[PDB]
Each structure stands twice: as structure tokens, then as C-alpha cells.
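Colleague: Build the 3D model from these lines:
(chains A, B and C, ligands or ions: 9)
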Amino acid sequence: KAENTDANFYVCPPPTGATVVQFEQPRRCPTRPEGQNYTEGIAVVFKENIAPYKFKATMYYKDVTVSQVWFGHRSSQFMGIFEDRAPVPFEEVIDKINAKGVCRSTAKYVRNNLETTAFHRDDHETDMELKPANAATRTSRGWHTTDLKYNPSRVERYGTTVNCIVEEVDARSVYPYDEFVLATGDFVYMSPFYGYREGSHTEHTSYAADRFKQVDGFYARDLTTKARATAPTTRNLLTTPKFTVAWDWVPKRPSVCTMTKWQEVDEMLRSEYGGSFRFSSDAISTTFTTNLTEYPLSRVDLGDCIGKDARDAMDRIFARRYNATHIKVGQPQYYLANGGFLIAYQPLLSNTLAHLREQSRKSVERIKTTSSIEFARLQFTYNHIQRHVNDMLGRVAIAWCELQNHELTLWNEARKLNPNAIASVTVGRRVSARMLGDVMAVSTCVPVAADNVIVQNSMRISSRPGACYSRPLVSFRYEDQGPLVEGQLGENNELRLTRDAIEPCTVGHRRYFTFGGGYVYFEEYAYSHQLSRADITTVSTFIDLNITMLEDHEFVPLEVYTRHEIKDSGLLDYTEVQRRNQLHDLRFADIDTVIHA
Amino acid sequence: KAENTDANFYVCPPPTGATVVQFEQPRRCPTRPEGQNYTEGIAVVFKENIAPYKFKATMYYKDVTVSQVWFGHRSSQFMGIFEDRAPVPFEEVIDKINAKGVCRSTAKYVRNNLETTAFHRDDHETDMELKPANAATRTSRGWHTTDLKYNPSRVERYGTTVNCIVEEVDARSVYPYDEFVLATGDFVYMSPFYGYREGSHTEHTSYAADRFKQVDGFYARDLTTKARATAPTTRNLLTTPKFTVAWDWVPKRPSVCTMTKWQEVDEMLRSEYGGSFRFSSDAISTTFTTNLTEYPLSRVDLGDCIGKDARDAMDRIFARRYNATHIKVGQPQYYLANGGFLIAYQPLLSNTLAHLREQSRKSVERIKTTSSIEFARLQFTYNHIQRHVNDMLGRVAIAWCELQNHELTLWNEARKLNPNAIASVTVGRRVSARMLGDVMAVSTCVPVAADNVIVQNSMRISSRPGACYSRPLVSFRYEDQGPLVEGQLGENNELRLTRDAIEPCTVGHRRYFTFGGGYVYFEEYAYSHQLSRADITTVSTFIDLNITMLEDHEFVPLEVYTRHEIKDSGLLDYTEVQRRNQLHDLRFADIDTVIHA
Amino acid sequence: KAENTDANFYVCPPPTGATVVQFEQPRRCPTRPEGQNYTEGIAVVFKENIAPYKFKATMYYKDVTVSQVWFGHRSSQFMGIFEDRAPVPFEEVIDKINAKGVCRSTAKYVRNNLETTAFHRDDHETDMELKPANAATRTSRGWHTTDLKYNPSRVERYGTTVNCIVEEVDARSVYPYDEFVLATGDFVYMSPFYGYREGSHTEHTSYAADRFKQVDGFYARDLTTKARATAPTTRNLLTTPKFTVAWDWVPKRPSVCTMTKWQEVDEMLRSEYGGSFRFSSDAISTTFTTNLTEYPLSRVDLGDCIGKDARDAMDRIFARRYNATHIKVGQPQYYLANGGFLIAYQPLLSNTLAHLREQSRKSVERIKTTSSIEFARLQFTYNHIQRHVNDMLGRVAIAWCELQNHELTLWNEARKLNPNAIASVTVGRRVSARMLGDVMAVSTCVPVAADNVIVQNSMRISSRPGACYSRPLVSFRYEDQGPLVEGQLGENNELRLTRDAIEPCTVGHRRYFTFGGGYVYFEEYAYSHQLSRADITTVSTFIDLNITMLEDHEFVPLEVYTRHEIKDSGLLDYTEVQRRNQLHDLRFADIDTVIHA
Ligand SMILES: *[C@@H]1O[C@H](CO)[C@@H](O[C@@H]2O[C@H](CO)[C@@H](O)[C@H](O)[C@H]2NC(C)=O)[C@H](O)[C@H]1NC(C)=O
Ligand SMILES: *[C@@H]1O[C@H](CO)[C@@H](O[C@@H]2O[C@H](CO)[C@@H](O)[C@H](O)[C@H]2NC(C)=O)[C@H](O)[C@H]1NC(C)=O
Ligand SMILES: *[C@@H]1O[C@H](CO)[C@@H](O[C@@H]2O[C@H](CO)[C@@H](O)[C@H](O)[C@H]2NC(C)=O)[C@H](O)[C@H]1NC(C)=O
Ligand SMILES: *[C@@H]1O[C@H](CO)[C@@H](O)[C@H](O)[C@H]1NC(C)=O
Ligand SMILES: *[C@@H]1O[C@H](CO)[C@@H](O)[C@H](O)[C@H]1NC(C)=O
Ligand SMILES: *[C@@H]1O[C@H](CO)[C@@H](O)[C@H](O)[C@H]1NC(C)=O
Ligand SMILES: *[C@@H]1O[C@H](CO)[C@@H](O)[C@H](O)[C@H]1NC(C)=O
Ligand SMILES: *[C@@H]1O[C@H](CO)[C@@H](O)[C@H](O)[C@H]1NC(C)=O
Ligand SMILES: *[C@@H]1O[C@H](CO)[C@@H](O)[C@H](O)[C@H]1NC(C)=O
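Modeller: Residues are numbered from 1 along each chain as shown, chains lettered A, B, ... in the order given. Ligands and ions are numbered 1, 2, ... in the order given. What follows is the structure:
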């Protein structure tokens, strides 16, 4: 009896003609995409120039100090100090300071609608040469005359001081550059590019024309060294109510640029995909997307440095590598990418492939740029990855498809041998199978309880000596009480009624046979025992393939410096001060009490 | 003799019963995961409102200027100018400026604990109408009375000036909004929401109640246009020691919000995975993670705009697309993600699938947000990729497993034909193989030196004319001097002793046979020569599969603007100034010398 | 006739000896890389300390106020208020304020080169105790004496006020820490670490030595609480022209550090690849690249906290997990990664694997750090992904290669059965194939028009009763008028001339046969009809594999806060103010008009 019973039994007769089936034809294997045409080239990326136009100048003024003093016995107290900074008149700058490096001990200027005049020491005007300032770590240059305050003499009236001061400083002007400031925190409400030449008079000024002046062929005389006329300039000279500042007038457009060069890309591969271009600098790990057309520097505001810098850089680069390997291809091309980034691009071709497409590339505004260039480095990554995995996986499907094609060539010859099995496998269920011409006549098989099956001890034929069986005989019943059938066993638990599986008696006749969960054994055509597959050392026909799915992962908010670490980086907080300062009175004083008597 | 000897030889007899082996059964192929259920919906993302509460007001004050002058022959010098900014009294604002647009030529205010009174021109009080300020590019509005300083008349006392000034400015208050400032850099130590209505008196104030006032049904009269009563307001009026500022009192909570709307997401797919939710806006390329529960706006501080804005936006969006395709699903849902981001989410369902889960979603504090939203766009990416590669690779393993299943169906029939080979392959080593029942009796093969093997010139049988051999005869010896065996050759360098491979003599009898590194040839059962595989044009049975592993790549530190490019973007550096300014004295003066006589 | 004609026909004779071919040998399957050796360890990452050295001090000064008043009938006006802040002399700080908490009602100090003396109320010196300031929300502590300004008495001279003020404030010094400032916005041009001990005199000072002092064993007496001598200190005392500030002198190097601890990494796997190291904190999702050598803290400037903090942190961590599982491995190791990031790393080994490599790890400068740590989190990601996909795909190629190896074992036995087909498949074109020894004699097949082919109704043999054909007879012609050949049909549209495919007549003889686009049917060896494959329910032999390529995706510029949202976050804009302020005069005054008479 079927000891090992963790299986099902089947009985498969010759499958009646109907039904008949056919194998699926070879499938059309997919094709590798032609790929993606990339254009090798050099690129330069500009950015919204948030940097203020920087230049240098010179301040000329005098620190006037009028002091009143009250004299008492064995003591003295300041009664009211009046400090002011007054301009050094135009002529006093040209004829006095520049030429000789001197300055009047007197100050004459308009203040509060009147011609006030101050005399140092309250003594007749004496011209006094200038001397370098004192200890000044990390400070631009500066000179002056007076070094001591003047106070009234002993008694029981007033004293005026006049220190002609001149300082070299750093000036900072920002778009639209209609005005600028200094390192002293002093505003100057005139465009640094104001003047007369170049129609500079068009530029902005808040002052009367008589205040401003513009000296031509001006030879500055560097004090201290006393050196002079190193270079002639068109010295602009404005006279503020509090001082007189001057600087070398320079052209606007050439000196400024609303954009700043950010990156020099040696190889910026350019490709089209979806009505846009693709610039991927693998060197920097970045990818930009731009419309198909270019961008005229004409619509740009004061972006003169742009074209200038682009050319210089590119030509510079083309001379390091490409000058031998490749060759230029048309005039510079400019495209604008998302995030407000301007891309200067010059295509390249190696002699190996020795254009018209490059042609036909063609108020005022200004460009804004995103402080974050991550969306691009992201795109870059994704694409380079996606593109890869796709281009790769595709190759698989093809080979696979092709494999299944060749495999069929095998299934064809195979079905000839064991249709009953081959077909059963191709139908995913035990079925009777036989070849009816080129197609296959088939009819399902029938399940049989293993508990109802038992084998005969004899593989021999009492009625036919000399000859024996090739397969031991068996008996079974579908139902729990069903009739008993004299059918012989076939491969893989099939119950072949027709007992025509025979073979002449053989010497040294060992043989194992599939029998339920395990096998059955027979020595010399005589039964032996049943066993489990475990006993028989199993060998595999499969090519192993160990795979592991990519695990998850958490990306936590991570920052190098929180904005608060920045609001603190500022050594001085203008808000902290003014708050505490304008709160000073409230803390240490009462502003509501009135007194009288 | 075996000329081509870059190979090994084997002799395979009928493998003795022991040992016997079995093929590995079909393996259980993995199953596709049910997938990931995504919930379609609309979302809105708020952020820590770092923006200061912005509002407008009006300043009212007078620029008082007392000047002392010393008169000399042919000259005159200011002896001490005293400038001050004094408030314009309450009544003077309501009865004078508002109604008629005028202002007194006199200033009466408390300063340093006393009732000082200033008269413009030192002349009896005259009411003077106000006039718009002068040229003012990029400046809010402003008016005034006086336009010239008043100085003492010729001699050899003092002159007071009074310019009633009023300016429209921009006020800025920040959390907790207990106070605010102006564009003039003037602090006002009172909560902008202070007053009486709405229990505003609860709000913060550093001033006595008599200073502050709150006019009801106030009809402002726009100067210049002289238009008036366009709209009535509850004008708040505070009087600082230096001026009198006023503004329309407004409610707090409605006007402010500690959070600001950042992004309107049309489709924010929501899914659960690992006790958290998944909101992936594929449009923006971002993914947020939130706890399973919601977040009550109750724990929020003054976050009233939140719910308001969320509703407006969502309903707005639902009317563009979803209003036809989908339908709302319950009240708005709010979840908090990592990085301090608040997510407003409203689920959606198309009629095709026409909830309780949405239910059961349920001092004071404030939310902080990370300035970097990259950890999210990272997560988003990773997942969308990982999830893909996994979902894909899985499909492979399955198909593969299935392939190996079907493949077995072939290996079964195949072993019947060339067990000696099929098995040798399944054992990874040359072995003798024969079918013992359903299993396979096997016994390893034996290596034989090729240098010891030589073939016989004759494939014919001198003793048996008419008939010949199907395989030429050979001889060999295992050892270097071992006995010589009369065995015939079998397929693939097997040495079948039993010389029973025969065939009747055939006409036009060409035949090639595997012979060491190459082959051996025989014409008409008579030897010819040996050759190498090279000669025979080889054909492949393999389906090619060209693969390439993803190359490495370097991600270099890349920034659009270094923090230093920012510390410079600021036109004015409060630190640069105050340093140079407070260093001014050290550079151009001595503070250690004392004088007397 | 061939009704279904969407196919081609072929005639295949026994392929003449030439030409002959051979199958491709098994290919050498690739090997799994040994992998990547990772070193488990703990790490700590420092960063460019952009934070200013923070410490506390105390200001001591007096608010002197000299006021002149003009008296008139029924009125009075300030004629000129002179406000000044003067220092509280050294002795007055030690003997008066510290001990008793009092201060002189008089101020004696040098101003404008003279010994001015101020008396509160202009009355003989009286010592006045100090009292806490008034209402002060979010302000450090502060005390004072006077609380009211002093003004001249009724008439028709001057009044001086003296408010001894002392404030606790927050001091801020930045590299090189040669000077510092206060919360009052007051600069102090002396290195906070100046003094005498520790050779502090080396530090920077802009003042004469007599101004600065350094009290030893100083016991501060906390006012209000009047508590004293809680702790003795080396009180530094500098006396600026405007005040006298003091603070506890402390060592420099220990108190400061040009680097700040950023992240404590529990597990920072370290590995080598391409002459550099690999530190991947999977916890944070980050990867750093450093040279093979270390970095001496010797080249570091004032980076003392570094080693200190590194040790504390690490040892701390090693006591939470590793103390039991792993064991320390040598002294701390420091490497510098790109982006200016310093990595403190301590390797680890579990007892399971229980070093020399760790050894041999070995003016002044300072480190700069990138504000963006994304290039790293990028690298991290890419690698972890790339490495995965590679390590995975590889496994495929191998298994695949191996599969094709085993597959051959099948192709060998298969070709024996249907060479004509097997070979045709291996040649990618219909060819005649037969086994010539071990190789295969082959010769291409010939295409034949289907329109020229017709089958015979009889599968029977009139001349040979009892026996019949196994394959119906056919006729055809290559050319459009070519000769008619008596060849029988073979499998797959082959035209086997030799009509030797026979079989005895059979009962119930159904049979289908491939016939052009469809099939042909015969009942009892008598023709029936033709049909299309559609009729016959097709069954597949292929293992399906549904794949999908990863779709594209757009990464749009996305920012949490634009830099402009930051330029606004600042409650006060020093530029806005000074612009409007220094523009005040232009708006409400004329600076070009002169008057006289
Ligand atoms: C780059 O890819 C394009 C896109 O396919 C290729 O253009 C194809 O070229 C082949 C012939 O070489 C043909 O299919 C057509 O001429 C093109 N088809 C398409 C779809 O465009 C191109 O050949 C590739 N490489 C280069 C250098 O041109
Ligand atoms: C979404 O995925 C879940 C997770 O499997 C699915 O829920 C399963 O549904 C199937 C029957 O359709 C069964 O396995 C169980 O009902 C669920 N199993 C698990 C593991 O949850 C769900 O069907 C999927 N789709 C939808 C729209 O529900
Ligand atoms: C980590 O990977 C390296 C690199 O291969 C391994 O070193 C190899 O070890 C095997 C023997 O185990 C041999 O190929 C050589 O000794 C090494 N080859 C190379 C290329 O280096 C190492 O074994 C791996 N793991 C450990 C823990 O050592
Ligand atoms: C590019 O052109 C398209 C129209 O083709 C326009 O919609 C889009 O705004 C342009 N992009 C930029 C960056 O200006
Ligand atoms: C082209 O390349 C070479 C590389 O050595 C470079 O030195 C040179 O400047 C370039 N061309 C010439 C001849 O200048
Ligand atoms: C979410 O809830 C968990 C507990 O379930 C808590 O540990 C965690 O802090 C919460 N996250 C946020 C963002 O508050
Ligand atoms: C629904 O969608 C349509 C789209 O045309 C939109 O115009 C409409 O406002 C929505 N519903 C209605 C009827 O308002
Ligand atoms: C690391 O060392 C290499 C030379 O081996 C040098 O070129 C490079 O500048 C160094 N990197 C850093 C971060 O200093
Ligand atoms: C080692 O690990 C344990 C974990 O419980 C920790 O508590 C302990 O501090 C460590 N070692 C010891 C004994 O302190």
C-alpha cells in the first residue's frame, strides 16, 4: 500500500482526439533604442550678480569742534561741546591737498542756511600739511591735520578746533547704482557713473550741479610717498553738506554686470529630449533644462561682462585639450535654464566627424536665480540612473525573449517523447496527451486517492516464465468503495490500465520507482520496501539565483548651519542694539514727570 | 596519437547501482506583493512664518532747532546747534492736521523733566499748512511745514526753528508682537494690537495710559488730495517722547499667523508604511513622513490664517479638476511631518469607487521649520526608485524560478538519451550514469592522460567484411606505463571498453570526431588527419546578454552662493561701520593727553 | 492548394557534407567580487565655528547731562542740552560699588583733552547707592543712581546731572578675538584675553597700559542680593573714554575653538576605495571622502575643544552599546573630508574577530566649511544604490551564463532528433541539417512560393492496400512555371522529395498538419479542409516576464525660504534706515540756500 501518501495519483488513458492544442509561436523580441545623441562642448554658467558694484574713492572733510567751558575754583567742566564734520572746498582739494599735501586751518561751509567760518585755535588761517592716521588694524588709509581739541583758557569764552581729515575708503553701489555708500556708513545720493562725458549727465543726482564737478587730466599725488602723476584720471568731485568725496569716473556698462560667472564647465554634453535641451556636466554632477531657442544678451540689463567673460574662458579652455582633438563649431550659444541660470555653450566636434542646426538659434529686464542648485544635481542623478537601469533592463527582456524562442525548439522534440508529461506541464495540470499529427490530442487526467492504492509483490509473470515486467502491477479505486482496476503503474503516479509494460527477466535487477511521497524498491523483480526522497541524495537541475530587494532608508532633516546659527554669526545685531539703546531711557529714566517752582 | 592535447580523457563503464540520485523538485516561486495602496488627494503645506507682521502707520512730530551764533568782523560761526525731534500733541493731530491739514508753528512737549516751548522764528504762534516733502526716490510719503533753519540776526542771541513733520512709513512687528519699529529705525515699545476693544488692554505697553489713545469712528483726511472720510477706523494714537505715531487698530489673531502657506499640491498621494504616512507630490518631487494621528490647530499659537488659507486653496483646486472626476471625503486633515512642516490634506475618491478611517483622526507652543527641504526630495527619490527596482527585480526571480520549473520537464526526457552526459553535467564532474528505474545509478568517471592515447587507422573490420564500425577503435593507459586496453571511443572523450559500436560499411562515408583539443577525421572508414576546432566554423547555442555595471561618480561640494557672498550682498555692514566709526577717534585723535596752565 | 498563405515554404534534402559546423563551448561565468570590507566605528564631525566667542562682563559709567535753559514770561525753552557718558574711575569701582554698592554723585574724567568735573545737582559730592533699572523685558541686568535730569532754576545758568549707571551685558568677540563688542553696540579695541598672567600681555590692546588693570583674588559682590565672594576671579578692568568695562580674565585656547561639534555618529563605517576612505553614516544618510592619511590638530588654530569634545563624546557612546559587544582599537583618528569637514573616528572590533594599519596614521591655519552638506548625502545615496544594483545584476549574468551552460546539454541530445530544425534555429535560417559524426553537415534550404503548392486528397496507397502514408503527398514549383516535383511534405513546411514517410492504415485516423498560415485536416486518410491557427486553442511554452522601464521625472527648483524672505526676516534693515535717515534732510529741507542781511 502507498505508505508515503503526501501526494496525488492520476490515471491517464490515450487522450481522445478532442481536444487538440498548439504551441505559442515565437514572440517578436523588443529592439534596443538607437540611444541618445550627445553633443560634446564647453560651457560657462553665469548667475544673478547679487554682489554690489565695488570701487574706491577718497573723502575730504574737517572735524570742527566748538567747546564752551565753565571755570570754577579747583575745577572745570565742559558746558557744551559742539562737534561737526564739514566739507573741504573744491579749490582746497585741487590747489592745496593734491599738489602740496596741505590743508587750511580754517573751515568755511554752509550749515543750516548760513556761512559759518571756523578757525583752528581761533587763529589766523595757516596752511597745515597732512599726516597719516594712528594705529589702524584692518583699516583703509587716512590722514589729518589737527590732533588735539581746542578749549577756552582759564578764567572764572569758546574754543574751536579744525582737523582737516582725508580718508581712503571702500565704496559700495548696488543696482540700479543710482547712488552709493561708504565704509563710514555715509550715503551719497548720486549715481557713481554721473558726470558729463558719455552723456553721464543722464545719470541720477540729488544735488545741484555746482556741488558736483569733473576734473579732466587729473594727476593724483599719493601722499606719504608724495609720488604723483602715476596715472591721469577723470576725477569726479561731489561736495556733500558734511564732506567732499571724489573718485575716478568710469564707464557704467563695462564696469558692471547684473550677472556673475559661477562655473567653467569643460565638457557640458548637450542633448534634446521632449522639446528641451540637456546639459549634463558629469564633472560637477549637474543637469540643466532649457528651451530649444537661445537667449539674446540684448534683453539683458548691463550684462556686458557676460559675453566678454564667456569668450575669454572658453577660448582659454579650448586651448588646453580640444585645440588638438576637436574644432570649434560656430559662434557662442546662450540658453537659459530653470532656476534662473544662464548657460554659455560652445559645441565641439573632433576631426573624426568633420552645423546649420547651430544656426537659427535666435524695455529691458533682469534675471533672478535660485540659491539652491540641488534640483539640478537631482535631475542629473535621476536621469543618469534611470537611463542606465532602463538601457540595462531592456537588454534582459530581449535576451529573455530570445531564450524562450530557442527553448521552444527543445519543447517541440521533447513532447514527442513524453507528451503525457510535457503537455501536462504546458497545461499546468495532469492531463492525457498524445500527438495527433502536428498538433496534440489531449484530455484531462483523473485524481485518485493514494490510500486506495497497493502494489503487487511480484514483478514476475507466473504464466510467462523467462520474461517479466518493466513496471510492477498495481490496483486502485477512485471512490472510497469503488471497483478495483487491473491497471499497471506509469511514470509519475499515472495509472496505465493497459498492462503492456514488460521486459525479459534480468540478472542483478535493482530498480527504484516513484511511489507517493517517496519511492518503492524491488530486488530481482521481488518487492523490497518503501522509502522517502530524503534517503536518496538529491541533485539539482536548477541554476541558482540569489536576489535581495533594496532595503528602505530614512533621510532625516540635516543642516550644516541653521538660520539661527547665522542670525548669530553677525557679530553685531543692529536690532539688539537699537532695541536696548532706545530702551535705555525707559530702563534708567522717567519720561513722564514734570517739575517747576 | 592525440595530437591536440589541451584536454582530459575519461573512461565510463556502466555505473554500478550505488550510488543513486534524484532530481530536485520544482521550487515554490515567490509571489508579487499586493502592492501599495495610495490615497489620491489635495494638500497644502505651511511653514514657520519667519516674516514679521507688516502694517502701515503715520508719524507726527516737529524738528526743533535752537541755534547760537557768534558774530565777528567779516565772518560768523555757529556756536552750538541744538537739534531735537518733538511729538505733535494729540489735539493738534485731531483738530489741526486731520481736519485742515495744518500745524502750529510752536512746539510744547516734555523733555528732561520740564515743559519746554519752542516758537518757529521765535514769533507768536501761527498755524501753518503742510506741504509734501521734496524729491524722494523709493520713499513712503511725508509732509512738513518749515523748510529753513532760523538763525540769530547780525550783531557782535539764539534762534529756534520748528518744522512740523509728518511721514507715512512702514511698520514691522515680530512675535510675540509685544512691540514694533518703523522705517526710520525708531522703536515703539507697545504691542501694535494694544487698545481697549477686544480686551486689547491686555496687550503689552511700556507707556502710561495717558500717552496712548484710541479714537473711534475716525475719518482720516488724505492730504494733498485733501480727500477725507474714505473709510472710518479705530485710530490708535501713541505719543513717544520724541514723536506721536498713530495707526488703525486691528484684531490680532486674524491679522497674524505664525505659519505661512508655502506650496499648493494638487495631488499628494497618501499611503501608510511602518506606522507612518506617505505624502509624495510627484509634481514637486517630494515625500513627507508623518505620525498616524493628526494635529489640532488648538495647540497652535495664533495660527488662524492656517485653516482659513487651507480651505480657500483646496476648495479652489477641487473646482478645477476633481469637481467632476472625484468627490470630497470628510473634513480637512492636518498632519505634521519631519523638518517642522505642516501638511493640510483633503482625501479624494472618484465616483468609480463610491471613510470612517478618515474620522478618528484626532499652554500653547510654536513650530520651527528646517530651511532645507532636501531630505524630503531625497526620500521621495530613493523610495520611488527603490520601490521600482524591487517591484521589477521580483518579477524576474519569479519568471526565472518558473523557467527552471519548466526546464526540468526537459531534463527528465533528456537524461534518458545520454545519462552519461546529462548526469555528468548535473554532478559538475565526469561520471558514469545509467537509469536504474526512475532514479539514476551513477559512479564517477576516471581521468586518463591524452599523451597515452592513440587511434587505429582502420574503422573497418578485416574479420567482418561488409560491416564496419560506427566509432574508430582506440587504446590507452592510466599510468605512464599502465596496461593497454582494447576499448573503443565514446562521445566526449569517453573510453568505452566494450567495442560494440558498429555499423555496416557506407558509401561516401565522411565523419568527424571529438579528439582532444581538436577533432579527428576519417574518409571511407580510413584515417585522414587531426584538426583544431578553429577550422570548423563554430555556431553558438547561447542567447547573448551584454551587461554593464553602473560606474562610480563624484559629487563635489557645490554652492550657488557661499555665505560670504551673502555677508557681502548686504550693501551696508553695521559692523564695518561701527568698527571704523568707533575707531575714528583712535585713528585721528589722542585720548590720553591732558592740558592746563 | 495552400489556402492560408501568410508563410514561406522550404525544401530540405540531406545536407551535403560541406559545410560542417560545431556548437560553441561553455563560456567562463564571471565571479562575484570578494565584496567591500567595512570598518565599524564611532565618529564625530566638527565644523568651521562661525559662532563668535561669547562671554559676559559689566559696564560702569555715568550719564552726565548739562542743560541750559532760557526763561520767558509764562514759558521756558531748553537752549541746549549736552548729554555725555563718562567712565566710572577704577578706584570708584573697587572701593565704592563693589564693596558697598554705591557711587559718587560726581564725575571726573578726561574729555577733549581736559579734566572736566560734573556734580549732580551741582552740589557737593555725595555717595549714592545704586538701584535696579525699571521695566526691562528681555534685557540683561542694570542699575543706576540718578533718575531725573537737573535743570536751572526759574529766572529771566546751567544744570548738570550725574546718573552713575552700571549694566550687565553680553560680550561678543570674533576671530582673531583681538577685540570685542557689547549688546549696547559699543566697540572695545582690546583682545578679551589680554592681561598679564599666561603672558596675556602678548595679546592686542589699543589703549595705554594705565587704562587697563587686572585685579587678583577679586570677590564680586552681587548687588540687590548684596551677596558677595561667591567665587574669586582675576577681574580685568579696562577704562574706555566713554566708560569703564570689566570682566573675568580667562585663558584663550581652552575657552575658544575655531571648530564646533556638529554630529555624533554612532556607526561610521570606514572603507577604502581608490586611494581614499569611505565614511558612510547610514543613520544620517551621508558619505564623506578623505585622503588616506590623518590630520594633526597641530596645524589647527586654537582648536583645543576639538580633541576634548571628541574624546568625551566617543567614550560616552562606547559605554552605551560597544562596551559589551566590541572593544576600542587604538588612539583617536582624525581625517579631513571634502567640503571642509573634520572627522574624528575611532575604529571598533567585536571580540569575535579579536591594528598596525591604524598606526602610521600620521605657521598655523584655519578651516573653511561648506554650508551645504548635500553633495555628501548625494554621494552616500548614489553609492549605496549603484553598489546594490551592480552587486545584484552581477548575480544575474552569472546565473544566466550558467543556465546557457546547462542548456547546451539539452541542445546536444536534441539535435540528434531534428537536426533539420535544431540547426535551422541555430543558424537563424532554414537549412538542411544532418549529423556527420560529432559535427553537423549542413546546407541551406530553398524558399518556395505557397501559391504553387497543392496537396493530394488521398493519404492512402491505391497500389499498396492495407498500408498508407504517415504524411500526405504534395507538389510544387520554385519558379512561377517551374517543373512539378513528386515530393512529400515534411515537418514545418519542408518539401521532402523522397516519399518514404509511410504508415499502415489506421482506424479512427484523425490528424492535423501545418499548412501555411494555418493547418490542413484529414479524416481516415481522406482530405477534409484547411483552417487557421485561431481555431486551435493555443497553449504557451514561454515563461512570461512583464517589465516596465522607469519613467522620467522633473525636479523643479524648490526652496523653503528664498534669500529675499531672509533679507526681510531681519526686523530692522540698517540700510533702509540710514538711507531714509540720511535722506531725511533732502526730503524735508534745503541745503543750498544762504541767508544774510
Ligand atoms: C542617435 O540616435 C538617433 C535616434 O535614433 C539616431 O538617428 C537614427 O539613425 C538611424 C540610422 O543610423 C535611423 O533609425 C534614423 O536615421 C534615425 N532614427 C531616429 C529615430 O531618429 C542616430 O543615428 C544616433 N546617432 C547618431 C550619431 O546620429
Ligand atoms: C492594496 O494592498 C493591500 C495590501 O495587500 C491589499 O489588501 C489585500 O487585499 C487582498 C484581496 O484583494 C487580500 O490579500 C487582503 O484582503 C489584503 N491583504 C493585505 C496583506 O492587506 C488591497 O487589496 C490593495 N488594494 C486595494 C484597493 O485595496
Ligand atoms: C574583503 O574583501 C577583500 C578584497 O578581496 C578580501 O581580501 C581577499 O581575500 C581573499 C581570501 O579570503 C583573497 O582573494 C585575498 O586574500 C584577498 N583578495 C583581494 C583582492 O584583496 C577580504 O577577504 C574580504 N573580507 C575580509 C574580512 O578580509
Ligand atoms: C521656455 O519657453 C516656453 C514656451 O516654449 C515658456 O512657456 C517658458 O516660460 C520658457 N521658459 C523659461 C525659463 O523662460
Ligand atoms: C593645444 O594643446 C597643447 C597641449 O600640450 C597646448 O599646450 C597648446 O597650447 C594647444 N595648441 C597650441 C599649439 O598652442
Ligand atoms: C510622532 O509620534 C511619535 C510617537 O508615536 C513621537 O515619538 C514623535 O516625536 C512624533 N513626531 C513628531 C514630529 O512630533
Ligand atoms: C468642474 O470642472 C470644470 C472644468 O471645465 C470647471 O470649469 C467648473 O468650474 C467645475 N464645476 C463647475 C460646474 O463649476
Ligand atoms: C588630499 O591629498 C591630496 C594628495 O594626495 C591632495 O591633492 C588634496 O588636496 C588633499 N585633499 C584635501 C582635502 O586637502
Ligand atoms: C555597557 O553596556 C551597558 C548596557 O546596559 C551599560 O549600561 C553599561 O554602562 C556599559 N558597561 C558598564 C558595565 O558600565
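
Colleague: how many other residues sit next to the closest residue to residue A:597 other than its chain neighbours?
Modeller: Computed as Cβ to Cβ, 6 or more residues apart in numbering or on different chains, the closest residue to residue A:597 that is not its neighbour in sequence is residue C:154, at 6.8 Å. Heads up, the C-betas are built off the backbone N, CA and C, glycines and all. Applying other Cβ atoms under 10 Å in any protein chain shown, we find 10 residues neighbouring residue C:154.

Colleague: likewise residue A:596?
Modeller: Residue A:596: 10 surrounding residues under other Cβ under 10 Å.

Colleague: related to what we said a few turns ago, and the residue nearest to residue A:597, what is it in contact with?
Modeller: Contacts of residue C:154 were listed using Cβ atoms under 8 Å, 6 or more residues apart in numbering or on different chains, and they are A:596, A:597, C:71.

Colleague: And the first one, how far from residue C:153?
Modeller: Taken as Cβ to Cβ, to the nearest Å, the spacing of residue A:596 relative to residue C:153 amounts to 10 Å.

Colleague: Ok, the last one next?
Modeller: For residue C:71, the distance to residue C:153 under the criterion Cβ to Cβ works out to 9 Å.

Colleague: ok, these two, which is more surrounded?
Modeller: residue C:71 (13 against 10).

Colleague: what number of residues lie near the residue of the stretch 201-350 of chain A found nearest ligand 9?
Modeller: Nearest residue of the stretch 201-350 of chain A to ligand 9: residue A:285, at 41.9 Å (Cβ to the nearest ligand atom). The number of residues packed near residue A:285 is 22, by other Cβ under 10 Å.

Colleague: wait, does the helix or strand where residue A:581 lies contact chain B?
Modeller: Assessed by DSSP states H and E, residue A:581 sits inside helix A:574-588. Yes: using Cβ under 8 Å from any Cβ of the partner chain as the criterion, contacts between helix A:574-588 and chain B involve A:574, A:578, A:579, A:582, A:583, A:585, A:586.

Colleague: again with stretch A:395-414
Modeller: Yes: counting by Cβ under 8 Å from any Cβ, contacts between stretch A:395-414 and chain B involve A:395, A:396, A:399, A:400, A:402, A:403, A:406, A:410, A:411, A:414.

Colleague: Quickly check: that stretch near chain C or not.
Modeller: Yes: judged by Cβ under 8 Å from any Cβ, stretch A:395-414 comes into contact with chain C at A:396-397, A:399-400, A:404, A:406-413.

Colleague: Could you list everything the closest residue to residue A:130 other than its chain neighbours pairs with in the sheet?
Modeller: Leaving out its chain neighbours, the residue that sits closest to residue A:130 by Cβ to Cβ, 6+ apart is residue A:143, at 4.0 Å. Residues in a beta bridge with residue A:143, per DSSP bridges, are residue A:132, residue A:166.

Colleague: Isn't residue A:143 up against residue A:129?
Modeller: No: using Cβ atoms under 8 Å as the test, residue A:143 is too far from residue A:129 to be in contact (9.2 Å).

Colleague: just to revisit the earlier point, three-state assignment of the closest residue in space to the residue of the stretch 201-350 of chain A closest to ligand 9 that isn't next to it in sequence?
Modeller: Once flanking residues are discounted, residue A:285 sits nearest to residue B:555: 4.9 Å by Cβ to Cβ, 6+ apart. Put simply, residue B:555 is coil when judged by DSSP: H, G, I helix; E, B strand; the rest coil.

Colleague: Now do the SS call for residue A:463.
Modeller: coil.

Colleague: burial of it, as a residue count?
Modeller: Burial measure for residue A:463: 6 neighbouring residues, criterion other Cβ under 10 Å.

Colleague: contacting residues for it?
Modeller: Contacts of residue A:463 (Cβ under 8 Å, 6+ apart): none.

Colleague: mind giving me the domain split of chain A?
Modeller: If you go by curated CATH domains, the domain ranges for chain A are A:1-14+A:446-537, A:15-37+A:370-445, A:38-51+A:255-369, A:52-254, A:538-597.

Colleague: any chance you could map the strands in the stretch 101-250 of chain A?
Modeller: Applying DSSP state E, counting those that start in this stretch to the stretch 101-250 of chain A gives strands spanning A:102-104, A:106-110, A:115-119, A:127-129, A:131-132, A:142-144, A:158-173, A:180-181, A:187-188, A:213-221, A:228-240, A:243-248.
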